[PDB]
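Please read the structure below before turning to the comments.
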Amino acid sequence: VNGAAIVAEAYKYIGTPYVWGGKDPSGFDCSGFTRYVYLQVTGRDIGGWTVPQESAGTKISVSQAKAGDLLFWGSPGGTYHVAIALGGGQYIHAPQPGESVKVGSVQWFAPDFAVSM
């Protein structure tokens, strides 16, 4: 149950199309994807939407994010996006209604804070 396992589970759903409110491999939104990964690996249910997922661990800087941690866009209480940290400025996410689950870099779109799990 290390972050490597979270990353390995998240990689299984690359190419899953975006579906608003989707919570399973037929379609994910940003929060549904992270919730599903953590449900598969740990069995516990972090929030179904973005803001409850801000409580699942301890807040931390994006620099101090290891593989498996959660990354949040927006301010605490008003986060609008989440991804799973891959380490080294990389993450994996359900990006937006346009796109399917894919990898991304903080050099493209930088998250605002992170959460250790």
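Worth a mention:
- Total residues in the range 91-109 satisfying the condition of being under 11 Å from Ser63 (Cα atoms) and loosely packed, with under 15 Cβ neighbours inside 10 Å: the figure is 0.
- Summed over the range 68-117, the residues that are within 14 Å of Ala4 (Cα to Cα), assigned to a loop (DSSP other than H, G, I, E, B) and touching a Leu at 6+ places or on another chain (Cβ under 9 Å) give a count of 2.
- Of the residues in the range 43-55, at least one is part of a loop (DSSP other than H, G, I, E, B) and touching a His at 6+ places or on another chain (Cβ under 8 Å).
- Residue within the range 48-56 that is free of Cβ contacts under 8 Å to residues at least 40 places away in the same chain, out of contact with any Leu (no Cβ under 8 Å at 6 or more places or on another chain), among the hydroxyl-bearing types (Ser, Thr, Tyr) and on the phi < 0 side of the Ramachandran plot present: yes
- Taking the criterion of being more than 21 Å from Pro111 (Cα to Cα), of a type in the set (A, V, I, L, M, F, W, C) and over 14 Å from the mean Cα position of the chain (by Cα), the only residue of the range 14-56 that qualifies is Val19.
- Single residue of the range 66-80 satisfying the filter (of a type in the set (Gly, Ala, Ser) and within 12 Å of the chain's Cα centre (by Cα)) that is surrounded by the most Cβ atoms within 10 Å (Cβ to Cβ): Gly68
All Cβ positions, even for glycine, are placed from backbone atoms using ideal geometry, and neighbour counts span all protein chains on display. Taken together, the values in this text are just the output of simple stated rules run on the coordinates, not laboratory data.
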